[PDB]
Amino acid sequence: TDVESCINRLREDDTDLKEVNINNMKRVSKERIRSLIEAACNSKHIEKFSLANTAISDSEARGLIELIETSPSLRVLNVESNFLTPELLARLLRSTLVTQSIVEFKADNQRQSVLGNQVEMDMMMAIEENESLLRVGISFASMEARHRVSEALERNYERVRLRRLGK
């Protein structure tokens, strides 16, 4: 992937750039990754943004909050296998409620795997309120969270199925 080109295109709100995938690109300077995320905020067309295994941490991923809360088109966000903290992940998921454009949010296998009770309770309630999410790549230890999340995702899947059928 051409990170530099993506940055320029996203900033100009390129109507054709729908997918940006920089998975496994650990070489990219963190300032560039930060600029890429910031650029994505200007696009009302981007549908998929993947930064899996790019060795990013909270400092580089914080900008995703603005992207998620601003984007009306982002459908898939993948930040798995990085160094993001449970607290930041909770904030990212809660931010999905602003526009609810995202249907797939994957963030499993972070270096710090244990989310902790407070984070799981945050996430389960945020997800339960989200009507668009169909897939959430997060491992919960809490029975209640697992159950409420599964139910919410299934509820959302049924909402889509019925809409496809004309209700």
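Numbers for residues come from their place in the sequence shown, where the first is 1.
Looking at mean Cα B-factors across 38-46 and 98-106, the upper value is held by 38-46. Set 143-151 against 5-13 and average the Cα temperature factors; 5-13 ends up higher.
Across the options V28, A126, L64, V119, the residue with the most elevated CA B-factor in the record is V28. Per the deposited record, the Cα B-factor of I68 falls in the lowest third when ranked against the other modelled residues of its chain.
Ranked against the other modelled residues of its chain, the C-alpha B-factor of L133 as given in the entry falls in the lowest third.
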